[PDB]
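**Q** Fold the following and give me the result.
(chains A, B and C)
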Amino acid sequence: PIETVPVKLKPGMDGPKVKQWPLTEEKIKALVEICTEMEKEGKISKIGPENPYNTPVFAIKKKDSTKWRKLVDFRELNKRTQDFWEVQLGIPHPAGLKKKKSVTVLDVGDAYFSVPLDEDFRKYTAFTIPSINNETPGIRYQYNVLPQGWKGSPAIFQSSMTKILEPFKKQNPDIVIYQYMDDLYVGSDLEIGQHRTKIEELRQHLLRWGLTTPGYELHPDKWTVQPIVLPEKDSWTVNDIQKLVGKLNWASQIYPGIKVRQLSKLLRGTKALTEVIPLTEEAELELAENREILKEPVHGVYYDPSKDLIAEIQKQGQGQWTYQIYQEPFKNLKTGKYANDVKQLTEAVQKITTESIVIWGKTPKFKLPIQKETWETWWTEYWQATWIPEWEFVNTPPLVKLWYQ
Amino acid sequence: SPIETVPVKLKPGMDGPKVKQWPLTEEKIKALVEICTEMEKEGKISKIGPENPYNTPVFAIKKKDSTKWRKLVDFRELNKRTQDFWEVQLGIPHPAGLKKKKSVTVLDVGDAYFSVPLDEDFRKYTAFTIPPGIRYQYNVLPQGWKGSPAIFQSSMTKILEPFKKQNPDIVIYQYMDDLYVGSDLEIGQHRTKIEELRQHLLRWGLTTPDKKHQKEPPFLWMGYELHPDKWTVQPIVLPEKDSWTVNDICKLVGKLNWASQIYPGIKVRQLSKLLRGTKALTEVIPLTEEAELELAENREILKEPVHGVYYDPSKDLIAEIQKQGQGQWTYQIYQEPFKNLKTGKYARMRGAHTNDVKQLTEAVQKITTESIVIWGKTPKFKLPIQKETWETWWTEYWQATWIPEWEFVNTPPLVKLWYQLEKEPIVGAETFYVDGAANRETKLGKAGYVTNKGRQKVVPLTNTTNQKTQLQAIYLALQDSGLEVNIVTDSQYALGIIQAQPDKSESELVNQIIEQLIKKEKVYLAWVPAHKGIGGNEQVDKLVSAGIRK
RNA sequence: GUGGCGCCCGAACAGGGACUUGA
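**A** Residues are numbered from 1 along each chain as shown, chains lettered A, B, ... in the order given. Here you go:
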């Protein structure tokens, strides 16, 4: 019955020779406790060290559960085999769901565990669990079947998913559906209670084929940017004017309609940073021009899909965060805000990445204001999703922090 | 050997190499030929002369324990060609992770690599030729091999896994070629299970003694000595040389860092800044009084003996720090007071400019990494720092810095920012517009400041770019200023330096900056751009531009 | 003669911040 597709990397693309960062025993116990069962059900298989390729492992305990599940950091594998899901078996991206009231993310990782896989491709998906204190070498394994965290297995699973979803959505037309990764989306601009009813009906319909499926709920259409607004204190100190003047000079690159002539007129008279300086009619006219501008968005940018996304992020204080997105610099697409520190950060990247999923159908490249060892060590505990973004680290300038207060 | 032998191929589209034999002696020749006969009649090696035109060279030796001309080989022309394997045996087992187990033992292996065969599609590539002359090819795992330890450990684990599942109560740690085995059981049953293990392995053709070092320990293990309930380094001394060389320096540095992991209270920093610029291997450098006072400290520490401990999984463990100053940090780990598991050293410089709390975060996260890789659980903490400081730091900082559960200790010294900054200027304070520049060709920079009163200033400098020019400019400003102050500059460098709030740094001028900044009770800082005509900023930039910007 | 781990010291690539030649 099974007839897997011949799959292969781009020529001139080695496999993932990657290490495995440290782990804890509390996770290792559960990892063994579940991989043994995965191995008994014919899903995976032991090997020797004859193959060098590796791929990391890390545990989770996600929201709406208390188990000890797992997932894999397949970042290199996807980056190197992206041709497969880009041309061989690809799918289009709609743009209707983001204007709808409500959605509901699903998780269908179990169905992937009922289909075999190419034998020539299994050595590119070795995953090692370590042993503490380098006592024993790694208990290596190999994936026999289509694994989670990889963006080629839903690509080929969409064919039988189409025959799965055939009956109901001809009945239920007004719903939009996506399938990016192990997770699944459902567009429903209708009543949220009826949304839940149809979600339960769909869950039962998946159970009909023996599919077990036990943030979670989202409302995208109300999202907007934070238009940069400025104070209106009739009094002004020279500190305020200098701060505003540097703000606008750095913002000039974004908004070409930016003028600071009258504000620079007030500074030829040197004085302290506490006197009052009445803004003339001309200077307040310039303010009003700027404030009428910033209520509007940019005019001249567009979503280039073939490029990559860069989702920068900043910290402000008070437990209040920001985020900025761009393909090319100084051409923004979406900004915003979002209210312990590291937990806020993983929540924020989860939120932003889901937003990117629903809007553009792609995961961005991050630039975080934090060290490498800290995140690499601690991020594994508080994560709750089932996918991975691409990230790096940055040495943040204290002027982009002046984006918002 | 009915073992589950492994398939092994060669790299994509390549061949086995061909080399010439070396010019060697006559005495070793018949001796190593007899060695070859011994290994052959031991059931290891296949002799094939006219098989194929491959010739892997030989590098024999008169190794340690003279007259024992052991068999040797080179494989540098093939190890680059052999297909990669995986290696997770990267680090080493730390003594701490070794658990408190009463009935301990050990079983080494003799000629381990020479007991596993190799796959007949690969025995061709083992051309061991020697002077007519004659060729001899392995059927086994030889040395000089890239994938021999991995195959060795894999087959060993898969062999002893039934033994593991039969007695999971018993612990088995392995290494390159050695077996640290132990339990908390009684000796009549210990040796019984060990003899059953011996017969279990000799079912697969493996060596093991009974007259080994079981009560003969402590062992010697990568420089470590292991008592049953205690442990320590291989015993250490230090040279009494009246002078010092750089080889002598690096020797003792490696020695004490190999001893720092158990010995609390060590200093190396001033004893290692000497190497910067020290690059020749004969330079007789002095024993400068900083280093003299340091190594006297160190020898006082070492003159007393000490021993470590092992780990009990039940009793939760504790970390602690006894800071000893000068950007250096030590750390103790103990499950009970005065019984230290291990210690060490951390004085790295993440950026030449830094503060103390940054270094502390660095240290605790590195200690968490090591405690994870050793035991598998991050520890509870006990740190010399108040909560309000941590709260002020991570609220007024442009990054995220977390630490696990912790608490306060009243162990002097303390950690505290020697100053701070305000987010709001002052009425009655002074304004200071400053700037300063220099040349790429003469380096004869100029710097100064100006107020709103008029008490301006100009200062020339030398041998620098504009960054240190601005820094000396704010220095001269603070020296010419008073008690509180409000300052404005035109550089993001000085702001990025100051607002990190460092208390110690390398070059002397930022040290002077902070030294006189602590005196001024209050201070504001801001930033503005250039080439816009912003008040005094243009004036000063004009005034210092004379003779600089032409 | 070779390889591996550690400590120290030096050369190439990306990002950021600053100074010179042209419409």
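**Q** what's the burial count for the residue in the stretch 301-405 of chain A that chain B sits nearest to?
**A** For the stretch 301-405 of chain A and chain B, the shortest gap (CB to the nearest CB) falls at residue A:341, measuring 3.8 Å. C-beta: built from backbone N, CA, C; applies to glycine. Counted by other CB atoms under 10 Å in any protein chain shown, the residues lying close to residue A:341 total 16.
**Q** which residue sits closest to it in space, ignoring its chain neighbours?
**A** In this structure, residue A:341 finds its nearest non-sequential neighbour in residue B:400, 3.8 Å apart by CB to CB, 6 or more residues apart in numbering or on different chains.
**Q** isn't that neighbour right up against residue B:394?
**A** Yes: between residue B:400 and residue B:394 there is a contact under CB atoms under 8 Å: 7.4 Å.
**Q** where do the contact lists of those two overlap?
**A** residue A:341 (CB atoms under 8 Å, 6 or more residues apart in numbering or on different chains).
**Q** Tell me, how many residues neighbour the residue nearest to residue A:341?
**A** If you count neighbours by other CB under 10 Å, residue B:400 ends up with 20.
**Q** longest strand anywhere in chain B?
**A** For chain B, the strand with the greatest residue count under DSSP state E is strand B:431-437.
**Q** can you pull the alpha-carbon coordinates of the helix or strand just after that strand into PDB?
**A** Using DSSP states H and E, the helix or strand that follows strand B:431-437 in sequence is strand B:446-450. Coordinates of each C-alpha in strand B:446-450 appear next as PDB, following Å, rounded to 0.1, in the frame of the first residue of the first chain:
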ATOM      1  CA  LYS B 446      41.500  68.200  20.800                       C
ATOM      2  CA  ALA B 447      38.800  68.100  23.500                       C
ATOM      3  CA  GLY B 448      36.900  70.400  25.900                       C
ATOM      4  CA  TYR B 449      33.600  71.400  27.400                       C
ATOM      5  CA  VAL B 450      31.200  74.300  27.600                       C
END
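**Q** Contact residues of chain A facing RNA strand C?
**A** Proximity of chain A to RNA strand C, by CB under 7 Å from any atom of the strand, involves residues A:329, A:395, A:397.
**Q** residue contacts, the first one?
**A** Okay, so that is residue A:329. By CB under 8 Å, 6+ apart, the contact set of residue A:329 is empty.
**Q** does it count as helix, strand or coil?
**A** Secondary structure, DSSP: H, G, I helix; E, B strand; the rest coil: residue A:329 is coil.
**Q** mind checking how far it is from residue B:250?
**A** Note on residue A:329: its distance to residue B:250, by CB to CB, to the nearest Å, is 47 Å.
**Q** Likewise for the last one?
**A** To residue B:250, residue A:397 is 40 Å away according to CB to CB.
**Q** all helices for the stretch 1-150 of chain B, in order.
**A** B:27-41, B:148-166 (DSSP state H, counting those that start in this stretch).
**Q** Also the stretch 151-300 of chain A?
**A** For the stretch 151-300 of chain A, helices defined by DSSP H, counting those that start in this stretch occupy the ranges A:153-171, A:192-207, A:238-251, A:261-265, A:281-294.
**Q** One more: the stretch 301-450 of chain B?
**A** Under DSSP H, counting those that start in this stretch, the stretch 301-450 of chain B gives helices at B:356-374, B:387-395.
**Q** for the shortest one, packing partners?
**A** In this case it means helix B:387-395. helix B:356-374 (3 or more CB pairs under 8 Å, 6 or more residues apart in numbering or on different chains; DSSP states H and E).
**Q** tell me the domain ranges of the chain?
**A** Let's take chain A. Here the domain parsing of chain A from CATH domains of a matching chain is A:2-90+A:113-153, A:96-112+A:154-185, A:186-303, A:304-402.
**Q** switch to chain B, that's the one I care about
**A** Domain ranges of chain B: B:2-88+B:114-148, B:89-113+B:149-217, B:218-311, B:312-418, B:419-548, per CATH domains of a matching chain.
**Q** Show the contacting residues for residue B:294.
**A** Residue B:294 neighbours (CB under 8 Å, 6+ apart): B:267, B:268, B:270, B:271.
**Q** Mind picking the one among those residues that's closest to residue A:138?
**A** residue B:268 (34.5 Å; CB to CB).
**Q** Can you tell me the element the closest one falls in?
**A** Applying DSSP H and E, one finds residue B:268 in no helix or strand.
**Q** Specify the local secondary structure of the closest residue to it other than its chain neighbours.
**A** Closest residue to residue B:268 apart from its sequence neighbours, by CB to CB, 6+ apart: residue B:253 at 6.2 Å. Secondary structure state of residue B:253, per three-state DSSP, is helix.
**Q** Surely residue B:253 is in contact with residue B:272?
**A** Yes: using CB under 8 Å, residue B:253 is in contact with residue B:272, at 6.3 Å.
**Q** Could you say which of the helices of the stretch 151-300 of chain A is packed most deeply?
**A** Of all the helices of the stretch 151-300 of chain A, helix A:238-251 has the most neighbours on average by mean count of other CB atoms under 10 Å in any protein chain shown, namely a mean of 18.
**Q** any idea how far that helix is from the chain center?
**A** 33 Å (CA atoms, centre = their mean, to the nearest Å).
**Q** wait, does that helix contact chain B?
**A** Yes: applying CB under 8 Å from any CB of the partner chain, one finds helix A:238-251 touching chain B at A:238, A:239, A:242, A:243, A:245, A:246, A:249.
**Q** what about the first one, distance to RNA strand C?
**A** Counting by CB to the nearest atom of the strand, to the nearest Å, the separation of residue A:238 from RNA strand C is 21 Å.
**Q** Now tabulate the domains of chain B in TSV and tack on distance to residue A:229.
**A** Listed next are the domains of chain B as TSV, based on distance: least, CB to CB, whole Å:
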stretch	distance to residue A:229
domain B:2-88+B:114-148	55
domain B:89-113+B:149-217	54
domain B:218-311	51
domain B:312-418	23
domain B:419-548	20
